[PDB]
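Enquirer: Before we start, here is the structure in question, set down as structure tokens.
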Amino acid sequence: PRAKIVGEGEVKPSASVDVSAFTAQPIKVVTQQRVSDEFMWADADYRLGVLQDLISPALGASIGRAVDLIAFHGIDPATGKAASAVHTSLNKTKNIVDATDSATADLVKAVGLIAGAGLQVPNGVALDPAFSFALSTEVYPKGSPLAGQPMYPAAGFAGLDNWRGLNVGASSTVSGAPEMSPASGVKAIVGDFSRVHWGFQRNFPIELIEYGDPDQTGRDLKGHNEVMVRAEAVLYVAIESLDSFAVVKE
Amino acid sequence: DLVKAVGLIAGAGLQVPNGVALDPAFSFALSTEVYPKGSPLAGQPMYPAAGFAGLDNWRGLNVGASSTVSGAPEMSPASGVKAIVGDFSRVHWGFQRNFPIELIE
Amino acid sequence: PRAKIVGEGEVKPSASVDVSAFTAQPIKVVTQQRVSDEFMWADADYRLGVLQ
Amino acid sequence: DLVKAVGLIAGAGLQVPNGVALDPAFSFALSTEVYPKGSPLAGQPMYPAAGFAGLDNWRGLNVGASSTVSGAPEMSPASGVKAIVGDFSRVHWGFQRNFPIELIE
């Protein structure tokens, strides 16, 4: 609020309070794979261990990717269009930084768009694997003093566990390379990730269906001798603001 | 630009200023500035002590970073002032009487 | 696989798997040396381990 | 300019320099660069500068900053001088008689 200069006789006025309430609706996500029994006996007696060692973590991760895809772009991962009843996503913000040849120089601008407004200094960085690789092996420019040497010594062609203060995680869910069709040219989102509240209201394990018609394509699961492997979860994504997030766009 | 500013004050004597005040953006740009080329350590952080956080003191001068030196929300057009340097021992201020939060019913 | 947002009463769809395979044929490799028996005697006479 | 200045006196291999007179507007013009970890003299001021506290010595030379060297409010168009480097053992100054403060009634 803004105070006002008042004389001995003048009137002491009032101000208005600015309040903004945000709401997030719970969304359930499903992931189904239609396997045949002829395969099921095969992985059993041929000894390959396909379901427990290969297929299950694919769905268990298919949820984790769904969360990020909701938080960053607000799309239903399957269709890859624009998910309804999600309203806002992390990408759609006013703070944009033009991608430069120097990654380290372009990230420090992104954190600048947040720390320069008066917000709490960012503590989280999420970047695409390509830009994540460019950041790790970013050797000093030519002509500079410590040229040729790596800006980060313990990189070694591997993603950084920690940056200059901030916590860094790298995944392909930032650009959404396979999910989205034109692929939003986002290299990295940077910000205070305490401004985003997310959670699993209901997280089920891996369900194995032997009956009925879960895919709803007519084909039943005992008329075609096929099993169903499904993974369902209930999650929510709320964002307190958007002026506390910067985006590096190509 | 800041050294130019202190140069204008120290140029005509008047004692070297001891106080600085910066706009948040200018403060960040100061905390993360790097030596310009044509110098050793070009590419290295000029103030490695503070990362992404405003300085406590700058080259013997006390610094403070608030959005008031620009007056971004209060002023209708943001005054061009980004930073102000001077001998803040001159400025005399004070609360003659301060009241706690009052509830009028 | 890609998850899918569904509502109360909305159809829960399915995805697929993209498998593949590779093959390798076993190859037989040999190498032979022709050593006269007159040489193996000198190999043990002058005690120069040429064959050992 | 400072290095070329000390190079002008110490260049012929004659007259070893000592003692440097600086101006407040020129003390800030100097970079606050510091030697890295790799080389010796690590964590030591590379130049007189102005940000460092209690710096009276630099590369074996004495350092003192005053507004007098520039010309101060004393001069009107300013002498333009920023720094003076040379063996100050060649200067013999002195007070032949120093009187205290006196009140003429």
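Quick note on naming: the chains in the structure tokens go A, B, ... in the order shown, residues restart at 1 in each chain, and ligands are numbered from 1 in order of appearance.
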Produce a table with one row for each residue of chain A that has an atom at most 6 Å from any atom of chain C, each row naming the nearest atom pair and its distance in Å at one decimal; use only C-alpha atoms; arrange rows by chain and rising residue number; format as JSON lines.
Expert:
{"residue": "A:29", "atom": "CA", "partner": "C:5", "partner_atom": "CA", "distance": 4.8}
{"residue": "A:30", "atom": "CA", "partner": "C:3", "partner_atom": "CA", "distance": 5.5}
{"residue": "A:31", "atom": "CA", "partner": "C:3", "partner_atom": "CA", "distance": 4.9}
{"residue": "A:32", "atom": "CA", "partner": "C:14", "partner_atom": "CA", "distance": 4.5}
{"residue": "A:33", "atom": "CA", "partner": "C:15", "partner_atom": "CA", "distance": 5.7}
{"residue": "A:62", "atom": "CA", "partner": "C:1", "partner_atom": "CA", "distance": 5.7}
{"residue": "A:76", "atom": "CA", "partner": "C:4", "partner_atom": "CA", "distance": 5.7}
{"residue": "A:77", "atom": "CA", "partner": "C:2", "partner_atom": "CA", "distance": 5.5}
{"residue": "A:78", "atom": "CA", "partner": "C:2", "partner_atom": "CA", "distance": 5.1}
{"residue": "A:215", "atom": "CA", "partner": "C:13", "partner_atom": "CA", "distance": 5.1}
Enquirer: Give me the residues within 10 Å of segment 1-5 of chain B as a list in words, counting only C-alpha atoms and dropping any in the same chain fewer than 3 places off.
Expert: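 The residues that qualify are residues 8, 9, 10, 11, 17, 20, 30, 83, 84, 85 and 86 of chain B; 25, 26, 27, 28, 29 and 30 of chain D.
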Enquirer: Output chain D as a short mmCIF file (atom, residue, chain, number, x, y, z; two decimals) with C-alpha atoms, in the first residue's frame, after least-squares fitting it to chain B on all in-order C-alpha pairs.
Expert:
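And here's out28.cif as it stands now:
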data_model
loop_
_atom_site.label_atom_id
_atom_site.label_comp_id
_atom_site.auth_asym_id
_atom_site.auth_seq_id
_atom_site.Cartn_x
_atom_site.Cartn_y
_atom_site.Cartn_z
CA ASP D 1 26.60 5.74 -16.62
CA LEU D 2 27.41 4.54 -13.11
CA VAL D 3 31.14 5.19 -13.54
CA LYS D 4 30.43 8.66 -14.93
CA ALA D 5 28.03 9.20 -12.02
CA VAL D 6 30.62 8.40 -9.35
CA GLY D 7 33.06 10.37 -11.48
CA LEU D 8 30.77 13.39 -11.28
CA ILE D 9 31.00 13.49 -7.48
CA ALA D 10 34.58 12.25 -7.06
CA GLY D 11 35.93 14.14 -10.07
CA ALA D 12 36.91 17.37 -8.33
CA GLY D 13 38.87 15.34 -5.78
CA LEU D 14 36.33 16.53 -3.24
CA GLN D 15 33.61 14.62 -1.36
CA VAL D 16 34.55 10.93 -1.30
CA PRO D 17 31.53 8.85 -2.40
CA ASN D 18 30.11 5.90 -0.45
CA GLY D 19 26.83 4.00 -0.57
CA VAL D 20 24.91 3.35 -3.78
CA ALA D 21 21.13 3.11 -4.22
CA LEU D 22 20.09 0.94 -7.17
CA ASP D 23 16.85 -0.01 -8.92
CA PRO D 24 15.85 -3.63 -9.66
CA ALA D 25 15.42 -2.82 -13.36
CA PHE D 26 18.87 -1.22 -13.37
CA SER D 27 20.55 -3.98 -11.36
CA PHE D 28 20.04 -6.38 -14.27
CA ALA D 29 21.11 -3.78 -16.83
CA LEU D 30 24.63 -4.04 -15.41
CA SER D 31 26.92 -6.65 -16.98
CA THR D 32 28.01 -9.64 -14.90
CA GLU D 33 31.61 -9.35 -16.09
CA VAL D 34 34.41 -10.65 -13.86
CA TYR D 35 38.16 -9.91 -13.76
CA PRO D 36 40.27 -12.54 -15.60
CA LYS D 37 42.98 -14.76 -14.07
CA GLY D 38 45.92 -12.61 -15.14
CA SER D 39 45.07 -9.46 -13.20
CA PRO D 40 44.60 -9.26 -9.41
CA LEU D 41 41.08 -9.01 -7.96
CA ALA D 42 40.54 -12.28 -9.82
CA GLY D 43 37.12 -13.87 -9.44
CA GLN D 44 35.59 -10.65 -8.14
CA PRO D 45 32.45 -8.88 -9.43
CA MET D 46 33.37 -5.96 -11.69
CA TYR D 47 30.00 -4.30 -11.11
CA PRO D 48 27.13 -4.34 -8.56
CA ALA D 49 24.99 -6.36 -11.00
CA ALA D 50 22.22 -8.56 -9.60
CA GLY D 51 23.30 -12.14 -10.22
CA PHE D 52 25.85 -12.18 -7.41
CA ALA D 53 24.68 -13.41 -4.01
CA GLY D 54 25.15 -11.43 -0.80
CA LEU D 55 26.84 -8.45 -2.46
CA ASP D 56 26.76 -5.52 -0.05
CA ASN D 57 30.11 -4.03 -1.05
CA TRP D 58 31.55 -2.75 -4.33
CA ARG D 59 34.84 -0.84 -4.69
CA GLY D 60 34.48 0.40 -1.12
CA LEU D 61 30.91 1.60 -1.64
CA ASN D 62 27.79 0.24 0.04
CA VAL D 63 25.13 -1.23 -2.26
CA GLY D 64 21.40 -1.62 -1.69
CA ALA D 65 18.69 -2.34 -4.25
CA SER D 66 15.09 -1.21 -3.77
CA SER D 67 12.10 -0.43 -5.99
CA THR D 68 11.72 2.89 -4.16
CA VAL D 69 14.49 4.61 -6.11
CA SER D 70 12.64 4.22 -9.42
CA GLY D 71 9.38 5.48 -7.99
CA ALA D 72 7.62 2.14 -7.58
CA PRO D 73 3.84 1.74 -8.03
CA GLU D 74 3.77 4.81 -5.74
CA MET D 75 4.64 7.23 -8.55
CA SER D 76 2.56 7.20 -11.74
CA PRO D 77 4.76 8.31 -14.64
CA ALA D 78 7.89 7.11 -12.78
CA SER D 79 10.69 9.49 -11.77
CA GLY D 80 13.01 7.90 -14.33
CA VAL D 81 15.79 7.72 -11.74
CA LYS D 82 17.85 4.53 -11.85
CA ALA D 83 20.76 5.03 -9.44
CA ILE D 84 21.80 7.38 -6.64
CA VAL D 85 25.46 7.76 -5.67
CA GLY D 86 26.85 10.02 -2.95
CA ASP D 87 28.14 10.23 0.62
CA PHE D 88 25.11 9.06 2.61
CA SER D 89 26.78 10.36 5.77
CA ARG D 90 25.33 13.72 4.74
CA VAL D 91 21.80 12.39 5.29
CA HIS D 92 20.37 12.31 8.81
CA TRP D 93 17.07 10.42 8.91
CA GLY D 94 15.22 9.09 11.95
CA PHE D 95 12.14 7.75 13.69
CA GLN D 96 11.12 10.23 16.40
CA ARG D 97 8.36 7.82 17.47
CA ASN D 98 7.56 4.39 16.04
CA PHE D 99 4.20 2.90 17.00
CA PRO D 100 3.32 -0.80 16.61
CA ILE D 101 0.29 -2.13 14.72
CA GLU D 102 -2.94 -1.08 16.45
CA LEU D 103 -6.57 -2.18 16.06
CA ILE D 104 -9.18 0.57 16.16
CA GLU D 105 -12.49 -1.06 17.10
#
Enquirer: So which bits of segment 38-94 of chain B end up strand (DSSP E or B) when you DSSP the backbone, as a count of residues only?
Expert: 14
Enquirer: For segment 165-169 of chain A, please output as a list in words all residues within 6 Å (counting only C-alpha atoms; exclusion window: fewer than 5 positions along the same chain).
Expert: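 Selected residues are residues 123, 124, 125 and 126 of chain A.
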Enquirer: Using N, CA and C atoms, can you export the residues from the last selection as an mmCIF file, in the first residue's frame?
Expert:
data_model
loop_
_atom_site.group_PDB
_atom_site.id
_atom_site.type_symbol
_atom_site.label_atom_id
_atom_site.label_comp_id
_atom_site.auth_asym_id
_atom_site.auth_seq_id
_atom_site.Cartn_x
_atom_site.Cartn_y
_atom_site.Cartn_z
ATOM 1 N N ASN A 123 15.807 -20.978 -7.558
ATOM 2 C CA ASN A 123 16.569 -22.059 -6.948
ATOM 3 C C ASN A 123 16.477 -23.346 -7.759
ATOM 4 N N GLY A 124 15.725 -23.293 -8.856
ATOM 5 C CA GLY A 124 15.519 -24.463 -9.694
ATOM 6 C C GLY A 124 15.679 -24.189 -11.178
ATOM 7 N N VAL A 125 16.374 -25.095 -11.861
ATOM 8 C CA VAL A 125 16.573 -25.000 -13.303
ATOM 9 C C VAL A 125 16.266 -26.337 -13.975
ATOM 10 N N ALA A 126 15.408 -26.303 -14.991
ATOM 11 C CA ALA A 126 15.065 -27.502 -15.752
ATOM 12 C C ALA A 126 15.352 -27.276 -17.232
#
Enquirer: Give me, as a VMD selection string, the residues of segment 6-91 of chain B that a backbone DSSP run labels alpha helix (DSSP H).
Expert: chain B and resid 6 to 11 24 to 31
Enquirer: Atom CA of residue 205 of chain A and atom CA of residue 42 of chain A are how many Å apart?
Expert: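 Atom CA of residue 205 of chain A sits 23.7 Å away from atom CA of residue 42 of chain A.
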Enquirer: At what distance in Å, to one decimal, does atom CA of residue 98 of chain A lie from atom CA of residue 121 of chain A?
Expert: 20.4 Å
Enquirer: With only C-alpha atoms as the counted atoms, please give the residues lying no more than 12 Å from residue 175 of chain A, apart from itself and same-chain residues fewer than 6 positions off, as an MDAnalysis selection string.
Expert: chainID A and resid 65 68:69 72:73 91 126:132 181:189 247:250
Enquirer: How would the residues just picked look written out with C-alpha atoms as a compact mmCIF listing (two decimals), in the first residue's frame?
Expert:
# COMPACT_ATOMS: atom_id res chain seq x y z
CA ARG A 65 6.61 -37.43 -17.72
CA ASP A 68 6.15 -32.37 -16.16
CA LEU A 69 4.19 -32.14 -19.41
CA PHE A 72 5.47 -26.96 -18.33
CA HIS A 73 3.16 -26.91 -21.35
CA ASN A 91 6.07 -21.87 -20.40
CA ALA A 126 15.06 -27.50 -15.75
CA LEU A 127 16.69 -27.84 -19.17
CA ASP A 128 16.56 -29.88 -22.38
CA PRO A 129 19.25 -32.62 -22.76
CA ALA A 130 20.88 -30.74 -25.67
CA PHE A 131 21.18 -27.44 -23.82
CA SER A 132 22.06 -29.51 -20.75
CA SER A 181 4.44 -31.81 -32.72
CA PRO A 182 6.23 -28.55 -33.52
CA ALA A 183 8.21 -28.75 -30.25
CA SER A 184 8.19 -25.47 -28.33
CA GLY A 185 11.71 -24.08 -28.70
CA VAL A 186 12.25 -23.96 -24.94
CA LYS A 187 15.77 -24.81 -23.81
CA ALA A 188 15.38 -24.15 -20.08
CA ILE A 189 12.92 -22.94 -17.47
CA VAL A 247 12.33 -19.13 -20.19
CA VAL A 248 15.23 -19.58 -22.61
CA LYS A 249 13.73 -19.74 -26.11
CA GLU A 250 15.51 -20.52 -29.38
Enquirer: Can you tell me how far atom CA of residue 10 of chain C sits from atom CA of residue 240 of chain A, in Å to one decimal?
Expert: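 Interatomic distance, atom CA of residue 10 of chain C to atom CA of residue 240 of chain A: 29.4 Å.
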Enquirer: Using only C-alpha atoms, I'd like every residue of chain A that has an atom within 7 Å of chain B; please write them out as a list in words.
Expert: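 Every residue of chain A that passes the 7 Å test is in residues 112, 115, 116, 117, 118, 144 and 145 of chain A.
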Enquirer: Got time to write the residues from that selection, N, CA, C and O atoms, as an mmCIF file, in the first residue's frame?
Expert:
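So out-v4.cif came out as:
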data_model
loop_
_atom_site.group_PDB
_atom_site.id
_atom_site.type_symbol
_atom_site.label_atom_id
_atom_site.label_comp_id
_atom_site.auth_asym_id
_atom_site.auth_seq_id
_atom_site.Cartn_x
_atom_site.Cartn_y
_atom_site.Cartn_z
ATOM 1 N N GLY A 112 18.276 -13.274 -14.128
ATOM 2 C CA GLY A 112 18.252 -11.831 -13.990
ATOM 3 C C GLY A 112 16.870 -11.249 -14.190
ATOM 4 O O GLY A 112 16.509 -10.255 -13.562
ATOM 5 N N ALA A 115 15.376 -12.043 -10.569
ATOM 6 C CA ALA A 115 16.022 -11.371 -9.444
ATOM 7 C C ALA A 115 16.077 -9.856 -9.638
ATOM 8 O O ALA A 115 16.413 -9.115 -8.714
ATOM 9 N N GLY A 116 15.741 -9.401 -10.842
ATOM 10 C CA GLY A 116 15.776 -7.985 -11.162
ATOM 11 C C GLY A 116 14.450 -7.286 -10.932
ATOM 12 O O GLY A 116 14.374 -6.057 -10.952
ATOM 13 N N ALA A 117 13.402 -8.072 -10.711
ATOM 14 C CA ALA A 117 12.068 -7.526 -10.502
ATOM 15 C C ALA A 117 11.776 -7.331 -9.017
ATOM 16 O O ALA A 117 10.976 -6.475 -8.641
ATOM 17 N N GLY A 118 12.429 -8.128 -8.178
ATOM 18 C CA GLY A 118 12.235 -8.047 -6.743
ATOM 19 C C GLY A 118 11.710 -9.340 -6.152
ATOM 20 O O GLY A 118 11.414 -9.416 -4.960
ATOM 21 N N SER A 144 39.884 -14.911 -24.606
ATOM 22 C CA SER A 144 39.787 -14.717 -23.164
ATOM 23 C C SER A 144 40.992 -15.349 -22.465
ATOM 24 O O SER A 144 41.720 -16.125 -23.084
ATOM 25 N N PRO A 145 41.223 -15.001 -21.183
ATOM 26 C CA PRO A 145 42.274 -15.651 -20.388
ATOM 27 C C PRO A 145 42.165 -17.176 -20.365
ATOM 28 O O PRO A 145 42.739 -17.830 -21.231
#
Enquirer: Check the smallest atom-to-atom distance from each of A:191, A:199, A:218, A:159 to residue 110 of chain A using only C-alpha atoms, then report the winner.
Expert: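 Closest to residue 110 of chain A, using only C-alpha atoms: A:191.
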